[PDB]
C-alpha cells in the first residue's frame, strides 16, 4: 500500500529525529518507562496490520506515537481540515464534577452552571479516557488537555473526528436530569485521502481560552482604576481585619508570545513598553501586586526575561538547560562570537544587539553572557557532550538584572494553573526559587524545554512536528518537564468557584493571602 509505505517512511523519519534532536529522551525513559524502539515497532505494527489503511488512520498512528512522549511541546499537525465542534466549554471542579462554564449558542437547553454527566450514555470520565495519550500519567494538566478536546475534534491534530448527533446528559442546578440531543458542527475533509486515490496514480510520463487577554477571573472588588489597553490591568482594594484598606494592583499576563496578543498593532509601541507603563502606575499607587498567569501557552524567553526584569530591584537566578546539539547549534554559537568580537562597551553592545532584545535591556553584561554562551556550546561540542549537555543558561543569561527604569519592588502574588506551559512554567519557577513572590493555585503543566518545529515534504500529510530541544534544570536540580512547579499555596477551584463563574471562594482566599503579604511583609 502506497499510503502504508509512506507512513512507515515518515515514521522512520520521526524516529530518527527523536534520537538526534529530542533532549528529554532520557527523562521520558525513566519518568515514563518509555522506549523508542518499543514504540516505533509498536507503531509500525498498527500500520502494517491495517487493511488498506487510510491516510487519516496513519496520521492518527503517528500522532499517537508522538503523543506517547507525554510532552506538551511535542506533537504532530497535518494538512487536513476535517473537524467536529460543539458550542460549549466545560471545566472540572476540585470535587471532580464537570460544569458548563461557557455556552456559545442561542439554545437554552443547556445553561451556565449545568453539570455535564454523560456523552452518548457514557460517563464523561470514560469519554475523556478515550482522548488521553498513550502514556497518560493521570495528572490534572493531562486531564485539562483532554478536556480541551471533548467538544473540539480536529483531523489536523490527528484526532479521530466524530459527526452526526449525540446526547449530552446534564444535571440542572436543582438536581434533576435532562438528556440533550445535539448535532456536532461538522466540517468534512477537503484534502482527499491518498488511500482512495492511490489505485489511480500512474507513473509520470514526459476568557476560558489559553492565551486569553482577559482570562476568566472577575476583579477582586470595587475597581478604583483600570487600563483596558493591551493588557488587562486594574487597581482594587483589600481590607484587612483591622478594617484598613490596601490598594492592590492587578495584572494579567496572557502569553509570552507578545506578537500574538489580542489587538497587537505591530506598528505601535511594543507590549513590554505598555507593561512598563502599568508597573509605574502600580509602583506609586499600589501596595501589592497580583499577577494572573493562568492559561498561558508560554512564548518568547527573551520577552519573559524583559517582564521579569521589571518586577524586581534585585538580580534573579535563572534555571539552566541541558541541550541536545548538532552542528546547527554550533554555527549559532560561532555566530554569537563573531557578532560580539569587538564589543567592550555598553555603547557597542547596543549597536550590535539593539540595546533592547524583545524588551530586555541590552547591557555590556548581556554581550558577555551571549559570549559565554557559545564558548560553552563549542566546548560541549568538542568534548562530545552533545546528547544532553551540562546545563547552560539560555543565551548565557546567568541571572535576570533589574530594569533600569521601571522596577516594581513591592510584594507579588502569582496565580498559576495546570494550563501554564514553558515560559508560563519558568515565570513562577523564577519568582518562587528566588523568593520574589508568593505562588498560588495549582501546579503548572511542566513543558520544560524550548520548542522547535520541523517541516518536510511527505505524502502522509504531515504539516509540522514540534519537538523539545532542551531540558530545563532548576537551581537545586529537579527538572520541570512533566513535574512543573508546585505553588506555595495549593488553591484549586471549587464547584462553587466554577459553576456560575464567580470564583468567590477562590478570590476571597487570594485577597486574604495578599493582606498577609502587605501586613506581614513577604
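Residue numbers count along the first chain shown, from 1.
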Residue 207 preceded by how many uncoordinated deposited residues after residue 206: 10 or more
Stretch with the higher entry mean CA B-factor, where the candidates are 50-58 and 456-464: 50-58
Selected stretch [higher average CA B-factor]: 216-224 or 400-408: 400-408
Most elevated Cα B-factor in the entry, residues 353, 210, 147, 116: 353
Largest Cα B-factor, entry values, listed residues 101, 445, 154, 278: 278
B-factor third for the C-alpha atom of residue 7 within its chain: lowest
Modelled-residue ranking by C-alpha temperature factor, third containing residue 40: middle
Ranked C-alpha temperature factor of residue 482 among modelled chain residues, by third: middle
Chain thirds of CA B-factor: placement of residue 69: lowest
Ranked against its chain, the third holding the CA B-factor of residue 369: highest
